[PDB]
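A single chain comes next, written as structure tokens; it is the form deposited in one PDB entry.
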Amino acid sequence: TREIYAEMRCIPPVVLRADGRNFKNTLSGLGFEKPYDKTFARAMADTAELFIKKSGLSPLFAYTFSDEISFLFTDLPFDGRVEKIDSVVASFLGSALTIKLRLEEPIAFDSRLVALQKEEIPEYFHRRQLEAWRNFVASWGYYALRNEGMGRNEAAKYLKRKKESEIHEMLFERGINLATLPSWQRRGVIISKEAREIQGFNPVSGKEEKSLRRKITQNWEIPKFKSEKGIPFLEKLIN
């Protein structure tokens, strides 16, 4: 007869994935470029950075594309309580994005926890990057089919059956070359921490000493996670 879900806990490592609820209806039509708008993509990335920076929570890094963000945690607040983490994080992101996009009508993120083994972490972000690719192809495919004259649900149903390579070949034949499009559209964006060597004055030693500062960086030209270039890339992020 109580708050029975409040004792549900998760154990690190854990990924939190937040996804915009019905964003193509709640963020339209407010003048966003179709099919992609870099202003929105930047807002998503900045939202992720603001969370890492000032939420008080400490995710290692973030991977965002479309309207979703995945945060990797090796340490969890609220003793790993699922309700606490999902609600607070989704609420912070909803608020932050509302500010950066200067919205006048409310939006919402959902949130869910993905329990992983340490060794499984590269596999998770690979799966999400695959989703990013299909999202990328389907978005441009939808944009083309709609403007040519196909109905909203006709184009929607059409793309869900077709595979990623098929729609890609379709855009090809229509004069739409996806290989020229920016990397952030195709592979998404990484928000992580990188080391920065600095110099300060030890008033005692009377000398200059070297220390390190971890600064938050957005990478808009990331590699393919499952590749010879991508494996050590992810490996360094996860450390």
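We call the rigid core whatever largest set of C-alpha positions still superposes within 1.5 Å between the two forms. Quick note: we count residues from 1 along the sequence shown, nothing fancier. Residues that one form lacks are left out of the comparison.
What follows is about the form deposited in another entry, which we do not show.
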property: Moved residue between the shown form and the other one - picked from 174, 53, 34, 42, where its Cα shifts 2 angstroms or more relative to the rigid core; result: 174
property: Is_shifted residue 134 between the shown form and the other one (CA, 2 Å cut-off, rigid core); result: no
property: Exceeds or equals 2 Å, Cα of residue 102 between the shown form and the other one, core fit; result: no
property: Core-aligned C-alpha movement of residue 164 between the shown form and the other one, 2 Å or more; result: yes
property: Inter-Cα distance between residue 202 and residue 53 in that other deposited form, nearer or further [3 Å or more]; result: closer
property: Moved runs of 3+ residues, each with a C-alpha displacement of 2 angstroms or more between the shown form and the other one on the rigid core; result: 160-166, 168-170, 172-175, 196-214
